[PDB]
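*Asks:* Encoded as structure tokens, here's the structure I'll be asking about.
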Protein chains: 2
Amino acid sequence: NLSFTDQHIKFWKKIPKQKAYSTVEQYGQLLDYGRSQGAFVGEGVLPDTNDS
Amino acid sequence: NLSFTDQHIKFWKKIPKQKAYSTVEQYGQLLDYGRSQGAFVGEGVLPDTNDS
């Protein structure tokens, strides 16, 4: 044999493998913990709301 | 998760902390030990007054 063999494959044996159950695979990401809108409010004042 | 975690907070966990008993906290400072003058007086001469 003058060509490569099994031991020359590196990335295919290193990437983790997971089982698929459909032709479309979905996943969810978290991007932010909230909007940057200022944290100081004052004495006895209800602070504003925020959303991630 | 695509954002930071608790381990990325460094300064808040390092600065020393003390309890506060009021909305106004007071302290005192010593600026200098006296204004620059001449320290050599001469024989039998009353030295000048100085203050910090």
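Rule-based calculations on the coordinates, nothing more; no lab input. Note that each Cβ is placed from the backbone with ideal geometry, even for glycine, and that neighbours are counted across all protein chains shown.
*Asks:* May I ask which residue of A:46, B:42, B:7 lies farthest towards the positive end of the charge dipole of the protein assembly as shown, with charges of +1 (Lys, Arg) and -1 (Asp, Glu) on Cβ and the Cα centre as origin?
*Replies:* Value: B:7.
*Asks:* Rounded to a whole number, what is D in µm²/s for chain B from Stokes-Einstein with the Kirkwood radius over alpha-carbon pairs (25 °C, 0.890 mPa s)?
*Replies:* It diffuses with D of about 139 µm²/s by this estimate.
*Asks:* Now for a different question. Treating each Cα of the protein assembly as shown as an identical point scatterer and ignoring solvent, apply the Debye formula and state log10 I(q)/I(0) at q = 0.15, 0.24 Å⁻¹.
*Replies:* -1.07, -1.36
*Asks:* Right, another one. Counting other beta carbons within 10 Å of each Cβ, put A:48, A:6 in order, fewest first.
*Replies:* Result, fewest neighbours first: A:6, A:48.
*Asks:* Label-to-label distances across copies for residue B:14, with labels 7 Å out along Cα→Cβ, in nm, shortest first?
*Replies:* Reported distances to equivalent positions: 3.4 nm.
*Asks:* Measuring from label point to label point, each 7 Å out along Cα→Cβ, what is the residue B:51 to residue B:20 span in nm?
*Replies:* 3.3
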